[PDB]
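Trainee: If you scroll down you'll find the structure; I have some questions about it.
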Amino acid sequence: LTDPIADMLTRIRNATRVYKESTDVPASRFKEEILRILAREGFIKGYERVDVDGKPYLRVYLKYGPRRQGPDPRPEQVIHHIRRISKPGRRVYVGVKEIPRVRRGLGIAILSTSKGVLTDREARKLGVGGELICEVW
Amino acid sequence: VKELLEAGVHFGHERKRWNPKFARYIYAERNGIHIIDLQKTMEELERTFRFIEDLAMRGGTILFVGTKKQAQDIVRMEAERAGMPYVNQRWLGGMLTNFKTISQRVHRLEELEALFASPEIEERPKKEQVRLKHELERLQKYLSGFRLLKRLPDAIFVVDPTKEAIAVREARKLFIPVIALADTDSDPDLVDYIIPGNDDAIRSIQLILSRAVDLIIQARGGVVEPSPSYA
Amino acid sequence: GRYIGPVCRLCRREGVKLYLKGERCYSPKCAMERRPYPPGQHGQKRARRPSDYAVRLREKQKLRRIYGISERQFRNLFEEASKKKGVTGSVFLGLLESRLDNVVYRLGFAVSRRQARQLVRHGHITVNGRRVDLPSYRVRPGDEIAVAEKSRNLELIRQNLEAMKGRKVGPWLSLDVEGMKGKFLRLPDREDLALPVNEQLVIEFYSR
Amino acid sequence: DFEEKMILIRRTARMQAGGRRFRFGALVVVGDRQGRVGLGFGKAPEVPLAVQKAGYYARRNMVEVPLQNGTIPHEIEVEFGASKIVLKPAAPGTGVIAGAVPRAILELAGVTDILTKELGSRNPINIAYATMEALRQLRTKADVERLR
RNA sequence: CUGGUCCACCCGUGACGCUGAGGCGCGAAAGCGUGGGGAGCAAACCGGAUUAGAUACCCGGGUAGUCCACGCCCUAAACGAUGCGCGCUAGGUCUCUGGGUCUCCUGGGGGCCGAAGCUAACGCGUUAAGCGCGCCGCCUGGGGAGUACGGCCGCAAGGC
RNA sequence: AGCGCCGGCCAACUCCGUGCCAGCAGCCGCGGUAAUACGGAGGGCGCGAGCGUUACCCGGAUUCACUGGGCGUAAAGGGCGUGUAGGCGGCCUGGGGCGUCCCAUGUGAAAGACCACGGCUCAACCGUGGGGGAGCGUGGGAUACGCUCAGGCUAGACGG
Ligand code: SF4
Ligand SMILES: [Mg+2]
Ligand SMILES: [Mg+2]
Ligand SMILES: [Mg+2]
Ligand SMILES: [Mg+2]
Ligand SMILES: [Mg+2]
Ligand SMILES: [Mg+2]
Ligand SMILES: [Mg+2]
Ligand SMILES: [Mg+2]
Ligand SMILES: [Mg+2]
Ligand SMILES: [Mg+2]
Ligand SMILES: [Mg+2]
Ligand SMILES: [Mg+2]
Ligand SMILES: [Mg+2]
Ligand SMILES: [Mg+2]
Ligand SMILES: [Mg+2]
Ligand SMILES: [Mg+2]
Ligand SMILES: [Mg+2]
Ligand SMILES: [Mg+2]
Ligand SMILES: [Mg+2]
Ligand SMILES: [Mg+2]
Ligand SMILES: [Mg+2]
Ligand SMILES: [Mg+2]
Ligand SMILES: [Mg+2]
Ligand SMILES: [Mg+2]
Ligand SMILES: [Mg+2]
Ligand SMILES: [Mg+2]
Ligand SMILES: [Mg+2]
Ligand SMILES: [Mg+2]
Ligand SMILES: [Mg+2]
Ligand SMILES: [Mg+2]
Ligand SMILES: [Mg+2]
Ligand SMILES: [Mg+2]
Ligand SMILES: [Mg+2]
Ligand SMILES: [Mg+2]
Ligand SMILES: [Mg+2]
Ligand SMILES: [Mg+2]
Ligand SMILES: [Mg+2]
Ligand SMILES: [Mg+2]
Ligand SMILES: [Mg+2]
Ligand SMILES: [Mg+2]
Ligand SMILES: [Mg+2]
Ligand SMILES: [Mg+2]
Ligand SMILES: [Mg+2]
Ligand SMILES: [Mg+2]
Ligand SMILES: [Mg+2]
Ligand SMILES: [Mg+2]
Ligand SMILES: [Mg+2]
Ligand SMILES: [Mg+2]
Ligand SMILES: [Mg+2]
Ligand SMILES: [Mg+2]
Ligand SMILES: [Mg+2]
Ligand SMILES: [Mg+2]
Ligand SMILES: [Mg+2]
Ligand SMILES: [Mg+2]
Ligand SMILES: [Mg+2]
Ligand SMILES: [Mg+2]
Ligand SMILES: [Mg+2]
Ligand SMILES: [Mg+2]
Ligand SMILES: [Mg+2]
Ligand SMILES: [Mg+2]
Ligand SMILES: [Mg+2]
Ligand SMILES: [Mg+2]
Ligand SMILES: [Mg+2]
Ligand SMILES: [Mg+2]
Ligand SMILES: [Mg+2]
Ligand SMILES: [Mg+2]
Ligand SMILES: [Mg+2]
Ligand SMILES: [Mg+2]
Ligand SMILES: [Mg+2]
Ligand SMILES: [Mg+2]
Ligand SMILES: [Mg+2]
Ligand SMILES: [Mg+2]
Ligand SMILES: [Mg+2]
Ligand SMILES: [Mg+2]
Ligand SMILES: [Mg+2]
Ligand SMILES: [Mg+2]
Ligand SMILES: [Mg+2]
Ligand SMILES: [Mg+2]
Ligand SMILES: [Mg+2]
Ligand SMILES: [Mg+2]
Ligand SMILES: [Mg+2]
Ligand SMILES: [Mg+2]
Ligand SMILES: [Mg+2]
Ligand SMILES: [Mg+2]
Ligand SMILES: [Mg+2]
Ligand SMILES: [Mg+2]
């Protein structure tokens, strides 16, 4: 397994697309900080450090919109879109002046700075750049 | 107005020709057969009826849908009890999505009634007598319950959401609420007010359909319950 | 240079009265009153649904022919307005109206912009005491467009100014009649100039 | 009152012994220039019937466009089949920068200032469909916060 | 004599891994070299038919070859026309082969139907053509042309 | 006052002449006796001391795709392994601070470009003032991520 960060974002995407309540990703401190941002911004209900057959995991609790009416009752996603930006095969770093605005403000870009994991708004308010990890809306 | 003699009446069937979306309404599997979670049926029957009663206390019609040979008369009686439209024979595609056109068929049934108001010149060629009489019985077989409905219904009640998939498909395209009895072979998310329980046992169909109209009549005035139910 | 040939055919082609002649534009012998159909052999035949290119070309030819301006100068003004920060539609019309030959017409010194140009080009006009014979001059706020006093005893300009006596000009203007001088207040608006033109369709014609 | 625009009228053909027999289809957009648009594709044995029939479905398939000062809230990209549409918010003095098909839908929904680009297959039908679905997924700060 | 692979135990090592330009090895048939072998079959070839004709299809013959050893050749509709590895995303059914507490369950294979999703459609769908990461190979209108020239390889045919 | 154009793309239509001829043509296509497509004319459209043509560059061409494409059947998976360099790489702790991020500072000539004002009657042209950037040098700071060094782990991998 070559990219746990993109594997987690992908674990979340596959889970939300079939409306599961939770899914387990193997745990790591860098992932916790990433999920810490998704809960505080409301893309997930939250998480907890759980244990699957003796191994340290993270159980991520998803949230969706209200049931819909018509032919397709499936409720609207809260995480419409999440994808890896910087990757092992190509690192992506921006300065503070070139941080992007995901979805015209309505989206978050998750960064790894030397002040820890931040959002594009947090990084702009602290005047620091870093590695552009992913983007959510 | 609920109960718990459902336990003596169904708790489901149908081995593992199941639907995984129907998992959360299952308790466990007995001798190679799925068993419904009657408590989940209870809490759903509560929510389901809370909607039904509100529709009775507002003059809304409920088009009852049952074509399987098990629920074909149970649906005929209990829907006639409340004087609500049913469909017992073939469900006709477009009974909602093309309602004006299938309704153009009861007006024919209507005028075929008033034609046999003798004479209205029933001094027609005898080959025309048994002809229109055929079309009358014919229309009678399929429209005897749909005629009562003379506008888009406000909700529908289905005994097998898998069997009556077309009716569910029509009601959803028209934003009309769907309530239904359903066991393991059915897609839960396609129903709006679910009653997870056996839909092959007349014991179960009668119990749920009769208790359905027991609310309908009591919420339109005049609580009277003793209804036919073949042993 | 500028267009010189028949000007009624322009109106008849655009399907709208363009007031390009002065007072015959208001008579009953205006061509639009007598034949409000396009010029030429097929004017009276039933029109076909015009293409979106047609629609946008026509609106642009209207706005242009109104000022009797070349496509070259017309397009440079549009390109100036297009770079300028702010809404390009407003600035375009604003720059158009800020032409000396246009202001001279607005002040009623001349019945038509054509007449204004032959007025300006013949030096019969001044700006802030400076004689200016250039139709393209961009009049700015606070200016002052008078008749050349060494021309103030001229029949055409007097008879014209007579009919302007007490006549309103646009809000963005002011006319000291009797003294034969006017003032450019500020560059006007889409509201001030009700031109029979959706100028937004001209933005679209040039974006193609 | 709803305004309509015909986007496309085409004649198709089917063969048989005897020769080809024709049919017509009308892409018709309908809207009020205030935030409601509909797209219907109507097909009938003659042009006027199919055009009227198109406006019928157009009213039966409306979409609510979160207009904000005449532009859309956020940028969006949508792929309907092999056709792709790109919509990008734009400031007051911009205009509707779009091909004939996406322009007619945006214009009738009251979109005064937007940047667009057609990518992939530029099939007028599939592009028109792709533009509706793009408008249909536009969300506001309200909707976003409401969801979280 | 010898390779790969699966399962159960969860005992040892402690990231020792993935991919892989070049290189190296393997590589159906036909073909080639030396030497064997040669029943049946059968290119070429001869004859009989068929047919307007019949350098074919059908029939009767028939030499290479088909077979063995060693050495070459290195191609293919060499195909799942689908590169390898990993993680993730409903199920139903048939089957091969292990381990169970043997109904059933759980591993590893081989199919069929299908969830969500994908796709231009056909179709794919836990054996992905879905959702992602890594690395390699490759495409960039048809013909000219897999030709010409150069280079490298081969005994040649001819290959790259 | 001239030049191009008026089948479609593309804005502008009629009459005659011609009759697969003479000719037109950027592409699709026009022409064989009622041609909006050839030739003239009348009319019209578009520009105007210009208007057309030819050549070439960028655009439309996300048609070499970093932004921003693909390879079952459209062009596209190497016939298959094995493996060199290279690219890429699991969980926890600490050291260093190479990449990376921030601050200061030097450099980033003038012209040009851009915003403003001004001078030639306007403009073109020109003058005056204003705003920065990357990139690189130096100094100071940060340590999440990638890197490196050290220690530990067993979920990958490998052995019993
Ligand atoms: S007379 Fe009428 S048609 Fe002629 S220029 Fe004046 S307004 Fe136009
Ligand atoms: Mg990128
Ligand atoms: Mg059933
Ligand atoms: Mg006027
Ligand atoms: Mg602007
Ligand atoms: Mg006014
Ligand atoms: Mg006006
Ligand atoms: Mg442009
Ligand atoms: Mg349709
Ligand atoms: Mg498409
Ligand atoms: Mg696509
Ligand atoms: Mg905006
Ligand atoms: Mg295309
Ligand atoms: Mg095309
Ligand atoms: Mg909305
Ligand atoms: Mg062990
Ligand atoms: Mg140890
Ligand atoms: Mg390998
Ligand atoms: Mg190799
Ligand atoms: Mg071989
Ligand atoms: Mg061989
Ligand atoms: Mg041989
Ligand atoms: Mg030979
Ligand atoms: Mg041999
Ligand atoms: Mg020899
Ligand atoms: Mg022979
Ligand atoms: Mg012969
Ligand atoms: Mg012969
Ligand atoms: Mg022979
Ligand atoms: Mg033979
Ligand atoms: Mg033989
Ligand atoms: Mg032989
Ligand atoms: Mg031979
Ligand atoms: Mg030989
Ligand atoms: Mg051999
Ligand atoms: Mg095969
Ligand atoms: Mg294979
Ligand atoms: Mg191949
Ligand atoms: Mg691939
Ligand atoms: Mg066994
Ligand atoms: Mg195998
Ligand atoms: Mg299997
Ligand atoms: Mg299948
Ligand atoms: Mg599906
Ligand atoms: Mg794809
Ligand atoms: Mg699974
Ligand atoms: Mg399966
Ligand atoms: Mg497999
Ligand atoms: Mg594919
Ligand atoms: Mg490979
Ligand atoms: Mg070629
Ligand atoms: Mg070859
Ligand atoms: Mg060759
Ligand atoms: Mg050669
Ligand atoms: Mg090859
Ligand atoms: Mg031209
Ligand atoms: Mg023609
Ligand atoms: Mg043109
Ligand atoms: Mg035209
Ligand atoms: Mg001749
Ligand atoms: Mg002819
Ligand atoms: Mg003729
Ligand atoms: Mg032509
Ligand atoms: Mg001609
Ligand atoms: Mg000039
Ligand atoms: Mg030139
Ligand atoms: Mg080019
Ligand atoms: Mg390019
Ligand atoms: Mg790319
Ligand atoms: Mg492509
Ligand atoms: Mg091919
Ligand atoms: Mg292969
Ligand atoms: Mg090879
Ligand atoms: Mg690492
Ligand atoms: Mg490394
Ligand atoms: Mg450290
Ligand atoms: Mg470290
Ligand atoms: Mg450093
Ligand atoms: Mg600097
Ligand atoms: Mg400089
Ligand atoms: Mg000046
Ligand atoms: Mg300067
Ligand atoms: Mg700049
Ligand atoms: Mg530094
Ligand atoms: Mg270590
Ligand atoms: Mg292990
Ligand atoms: Mg092992």
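Protein chains in written order, with the deposited numbering: chain 1h, 2 to 138; chain 1b, 7 to 237; chain 1d, 2 to 209; chain 1e, 5 to 152. Ideal Cβ placement from N, Cα and C applies to all residues, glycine included.
1. Confirm, please, whether the CB-CB distance from residue 30 (chain 1e) to residue 54 (chain 1e) is below 7 Å.
2. Straight-line CA distance for residue 16 (chain 1e) to residue 118 (chain 1e)?
3. Hey, which unbroken runs of the alpha helix (DSSP H) at 4 residues or more fall wholly within the segment 21-98 of chain 1d?
4. Excluding five sequence neighbours on each side, which residues of the same chain lie with their C-beta closer than 6 Å to the C-beta of residue 34 (chain 1h)?
5. Starting from residue 84 (chain 1e), trace the alpha helix (DSSP H) both ways and give me its first and last residue.
6. Which same chain residues, not among the five before or five after residue 85 (chain 1d), have their C-beta less than 8 Å away from its C-beta?
7. Going along the segment 69-82 of chain 1h in order, which residues come within less than 8 Å of chain 1b, judged by CB to CB distance?
8. Consider the Cβ of residue 181 (chain 1b): report whether some Cβ of chain 1h lies at a distance smaller than 7 Å.
9. Consider the Cβ of residue 198 (chain 1d): report whether some Cβ of chain 1e lies at a distance smaller than 7 Å.
10. For residue 52 (chain 1e), which of helix, strand or coil comes out of DSSP?
11. Would you mind giving the Cβ-Cβ distance between residue 46 (chain 1b) and residue 202 (chain 1b), rounded to the nearest angstrom? I have them listed as a contact below 8 Å.
12. Any residues in the segment 43-54 of chain 1h with a beta carbon nearer than 7 Å to a beta carbon of chain 1e? Which ones, in chain order?
13. Roughly how many angstroms separate the alpha carbons of residue 104 (chain 1b) and residue 96 (chain 1e), rounded to a whole number?
14. Under 8 Å, with one C-beta from each stretch per pair, do the segment 116-134 of chain 1h and the segment 60-74 of chain 1h reach the 3-pair mark?
15. Just to make sure I have the definition right: I need the residues of chain 1h whose C-beta is within less than 7 Å of the C-beta of residue 178 (chain 1b). Which are they?
16. Here's the rule: buried if 16 or more other CB atoms are within 10 angstroms of the residue's CB, otherwise exposed. What is residue 200 (chain 1d)?
17. In chain order, what residues of the same chain lie with their CB nearer than 7 Å to the CB of residue 51 (chain 1e), ignoring the 5 residues before and after it?
18. Note down, in chain order, each residue of its chain lying with its Cβ closer than 6 Å to the Cβ of residue 71 (chain 1e), except the 5 sequence neighbours on either side.
19. Do the segment 47-56 of chain 1h and the segment 124-135 of chain 1e meet, that is, are 3 or more Cβ pairs less than 8 Å apart?
20. Alpha carbon to alpha carbon, what distance is there between residue 54 (chain 1h) and residue 135 (chain 1h)?
21. Between residue 67 (chain 1e) and chain 1h, is any beta-carbon pair separated by less than 7 Å?
22. What residues in its chain sit with their C-beta under 8 Å from that of residue 111 (chain 1b), if we drop five residues either side in the sequence?
23. Can you tell me the Cα-Cα spacing of residue 20 (chain 1h) and residue 20 (chain 1b), whole angstroms?
24. Check for me: the alpha helix (DSSP H) holding residue 71 (chain 1b) runs from which residue to which?
25. Measure the alpha-carbon distance for residue 131 (chain 1b) versus residue 109 (chain 1b) and round it to whole angstroms.
26. Please name the residue, chosen from 149 (chain 1d), 161 (chain 1d), 187 (chain 1d) and 96 (chain 1d), that lies closest to residue 123 (chain 1d) on a Cα-to-Cα basis.
27. Within the present structure, is the beta-carbon of residue 32 (chain 1d) separated from the nearest heavy atom of ligand 1 by less than 6 Å?
28. Where does residue 42 (chain 1h) sit, in a helix, a strand or coil, going by DSSP?
29. Can you check whether the CB of residue 108 (chain 1d) is closer than 7 Å to the CB of residue 176 (chain 1d)?
30. Cα separation between residue 221 (chain 1b) and residue 192 (chain 1b)?
31. Give a yes or no on whether 7 Å exceeds the smallest Cβ distance from residue 148 (chain 1e) to chain 1h.
32. Determine the closest residue to residue 208 (chain 1b) out of 66 (chain 1b), 60 (chain 1b), 53 (chain 1b) and 84 (chain 1b), with distance taken between C-alpha atoms.
33. Go to residue 132 (chain 1h), then tell me how far its alpha helix (DSSP H) extends in each direction, as first and last residue.
34. Could you give the C-beta distance for residue 90 (chain 1e) and residue 121 (chain 1e), rounded to a whole number, given that I count them as a contact under 8 Å?
35. Can you name, in chain order, every residue of its own chain whose Cβ lies under 8 Å from the Cβ of residue 129 (chain 1h), other than the five neighbours on each side?
36. Count the other C-beta atoms from every protein chain shown that fall within 10 angstroms of the C-beta of residue 166 (chain 1d), then say buried if there are 16 or more, exposed otherwise.
Mentor: Answer, in terms of the structure:
1. One-based indexing of the fourth sequence puts residue 54 (chain 1e) at position 50. One-based indexing of the fourth sequence puts residue 30 (chain 1e) at position 26. In this structure, the beta-carbon distance from residue 54 (chain 1e) to residue 30 (chain 1e) falls below 7 Å.
2. Working through the fourth sequence from its first residue, we reach residue 16 (chain 1e) at position 12. Working through the fourth sequence from its first residue, we reach residue 118 (chain 1e) at position 114. Near 34 Å, if we compare the C-alpha coordinates of residue 118 (chain 1e) and residue 16 (chain 1e).
3. Counting only runs of 4 or more, we get 32-35, 53-68, 72-84 and 89-98.
4. Counted from its first residue, the first sequence places residue 34 (chain 1h) at position 33. Answer for residue 34 (chain 1h): 118, listed in chain order.
5. In the fourth sequence, the residue the question calls residue 84 (chain 1e) occupies position 80. Counting along the chain, residue 84 (chain 1e) falls outside any alpha helix (DSSP H), though it belongs to the beta strand (DSSP E) covering 80-84.
6. As a first step, residue 85 (chain 1d) is located in the third sequence; it is residue number 84 there, counting from the start. Excluding residues within five positions, the ones whose Cβ falls inside 8 Å are 92.
7. Listed by position, the residues of the segment 69-82 of chain 1h near chain 1b (Cβ gap below 8 Å) are 70, 71, 72, 74 and 75.
8. Here residue 181 (chain 1b) refers to the residue found at position 175 when the second sequence is read from its first residue. So yes, residue 181 (chain 1b) belongs to the interface.
9. In the third sequence, the residue the question calls residue 198 (chain 1d) occupies position 197. For residue 198 (chain 1d), the answer is no, since every Cβ of chain 1e falls outside 7 Å of its Cβ.
10. Locating residue 52 (chain 1e) in the fourth sequence gives position 48, where the first residue counts as 1. The DSSP-derived three-state label of residue 52 (chain 1e) is helix.
11. Taking the second sequence and counting its residues from 1, the one referred to as residue 46 (chain 1b) is at position 40. Taking the second sequence and counting its residues from 1, the one referred to as residue 202 (chain 1b) is at position 196. In this structure residue 46 (chain 1b) is in contact with residue 202 (chain 1b), their Cβ atoms being roughly 6 Å apart against a cut-off of 8 Å.
12. Only those residues of the segment 43-54 of chain 1h whose C-beta falls short of 7 Å from the nearest C-beta of chain 1e are listed: 43 and 44.
13. As a working note, residue 104 (chain 1b) is residue 98 in the second sequence. As a working note, residue 96 (chain 1e) is residue 92 in the fourth sequence. Near 46 Å, if we compare the C-alpha coordinates of residue 96 (chain 1e) and residue 104 (chain 1b).
14. The segment 116-134 of chain 1h makes no contact with the segment 60-74 of chain 1h; the number of CB pairs closer than 8 Å stays below 3.
15. To locate residue 178 (chain 1b), count along the second sequence from 1; it is residue 172. Within 7 Å Cβ-Cβ: 71 and 72.
16. Position 199 of the third sequence, counted from the first residue, corresponds to residue 200 (chain 1d). With a 10 Å radius around the Cβ and a threshold of 16 neighbouring Cβ atoms, residue 200 (chain 1d) comes out buried.
17. Taking the fourth sequence and counting its residues from 1, the one referred to as residue 51 (chain 1e) is at position 47. Residues 13 and 28 of the same chain have their beta carbon placed closer than 7 Å to that of residue 51 (chain 1e), with the five preceding and five following residues left out of the count.
18. In the fourth sequence, counting from the first residue as 1, residue 71 (chain 1e) sits at position 67. Setting aside the 5 residues that flank it on each side, residue 71 (chain 1e) is surrounded in the same chain by 39 and 114, each with a C-beta closer than 6 Å to its C-beta; the list follows chain order.
19. Between the segment 47-56 of chain 1h and the segment 124-135 of chain 1e, the count of C-beta pairs closer than 8 Å stays below three; the two stretches do not touch.
20. As a position in the first sequence, residue 135 (chain 1h) is number 134, starting the count at 1. As a position in the first sequence, residue 54 (chain 1h) is number 53, starting the count at 1. One alpha carbon belongs to residue 135 (chain 1h), the other to residue 54 (chain 1h), and they sit about 30 Å apart.
21. For the purposes of this step, residue 67 (chain 1e) is taken as the residue at position 63 of the fourth sequence. Residue 67 (chain 1e) does not count as touching chain 1h.
22. Along the second sequence, one-based indexing puts residue 111 (chain 1b) at 105. Cβ contact annotation for residue 111 (chain 1b) (same chain, cutoff 8 Å, sequence separation greater than five): 145 and 149, in chain order.
23. Here residue 20 (chain 1h) refers to the residue found at position 19 when the first sequence is read from its first residue. Here residue 20 (chain 1b) refers to the residue found at position 14 when the second sequence is read from its first residue. Those two C-alpha atoms are separated by around 26 Å.
24. Taking the first residue of the second sequence as 1, we reach residue 71 (chain 1b) at position 65. Segment 69-71 is the beta strand (DSSP E) holding residue 71 (chain 1b); no alpha helix (DSSP H) there.
25. Reading the second sequence from its first residue, position 125 is the one you call residue 131 (chain 1b). Reading the second sequence from its first residue, position 103 is the one you call residue 109 (chain 1b). Approximately 28 Å between the Cα atoms of the pair.
26. Residue 123 (chain 1d) sits at position 122 when you count from the first residue of the third sequence. The shortest C-alpha separation from residue 123 (chain 1d) is found at 149 (chain 1d).
27. Counting from one through the third sequence, the residue named residue 32 (chain 1d) turns up at place 31. Answer for residue 32 (chain 1d): yes, Cβ within range of ligand 1.
28. Residue mapping note: residue 42 (chain 1h) aligns to position 41 of the first sequence, counting from 1. DSSP places residue 42 (chain 1h) in coil when its eight states are reduced to three.
29. If you number the third sequence from 1, residue 176 (chain 1d) lands on position 175. If you number the third sequence from 1, residue 108 (chain 1d) lands on position 107. It is a contact, given that the beta carbons lie within the stated cut-off.
30. Within the second sequence, residue 221 (chain 1b) is the residue found at index 215, counting from 1. Within the second sequence, residue 192 (chain 1b) is the residue found at index 186, counting from 1. Taking the straight line from one Cα to the other gives about 25 Å.
31. For this step, residue 148 (chain 1e) is matched to residue 144 along the fourth sequence. Taking 7 Å as the threshold, the shortest C-beta distance from residue 148 (chain 1e) to chain 1h falls below it.
32. By 1-based counting over the second sequence, the position of residue 208 (chain 1b) is 202. Considering only alpha carbons, the answer is 84 (chain 1b).
33. Taking the first residue of the first sequence as 1, we reach residue 132 (chain 1h) at position 131. Here residue 132 (chain 1h) belongs to no alpha helix (DSSP H); instead the beta strand (DSSP E) covers 131-137.
34. Walking along the fourth sequence from the start, residue 90 (chain 1e) turns up at place 86. Walking along the fourth sequence from the start, residue 121 (chain 1e) turns up at place 117. Beta-carbon to beta-carbon, residue 90 (chain 1e) and residue 121 (chain 1e) are separated by about 4 Å, close enough to satisfy the 8 Å threshold.
35. Locating residue 129 (chain 1h) in the first sequence gives position 128, counting from the first residue. By the criterion of a C-beta distance shorter than 8 Å, residue 129 (chain 1h) is surrounded in its chain by 97, 114, 115, 116 and 119, once the five residues flanking it on both sides are discounted.
36. Position 165 of the third sequence holds residue 166 (chain 1d). Residue 166 (chain 1d) is exposed by the Cβ-count criterion.
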